[PDB]
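Report on one structure; see the data block that follows.
The chains referred to below are lettered A, B, ... by the order of the sequence lines, with proteins before strands, and numbering in each begins at 1.
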Amino acid sequence: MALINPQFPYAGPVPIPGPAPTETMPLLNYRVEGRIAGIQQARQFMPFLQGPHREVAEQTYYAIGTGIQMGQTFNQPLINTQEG
Amino acid sequence: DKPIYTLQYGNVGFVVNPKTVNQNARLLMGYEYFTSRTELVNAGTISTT
């Protein structure tokens, strides 16, 4: 967006020496076929386990029984003959 | 950031203009680069596993 100087104008570009025209043109680089080499193993001996863990520990229980329940020799009360 | 790739820039050279050259004087270059050379098989899995 330059302003044209009317007192000192200039013309378009003139030819100048050039950079040997084939040396600015590249070759198209020619890929050969390739292979991810080797026979891959199916599994890996991992350093960490792959499953979930638990944040807190919960107390577990198992039921037990008591035993054969016996009789008893109670201390027996007195007879309510109007004193009680 | 802009790797020297002649597919991108055409022919590129490295220039040294020496001032004093003694006898048995050599220039020891050292490069570091990438190169691709495509592939068609990612396989190699034992099917009897």
Contact listing (chain A partner; residues 22-39 of chain B; heavy atom under 4.5 Å):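 Those residues of residues 22-39 of chain B which have a heavy atom under 4.5 Å from chain A are B/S36, B/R37, B/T38, B/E39.
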Can you check whether anything in residues 8-21 of chain B gets within less than 4.5 Å of chain A, heavy-atom wise, and list it by number? B/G10, B/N11
Show the nearest heavy-atom pair for residues A/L27 and B/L7, with the distance to one decimal. O-CD1, 3.3 Å
CG/B/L40 to CZ/A/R35 distance, rounded to the nearest 0.5 angstrom? 8.0 Å
Surrounding CD of A/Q59 (heavy atoms of other residues, nucleotides or ligands, distance under 6.0 Å), is the total greater than 12? yes
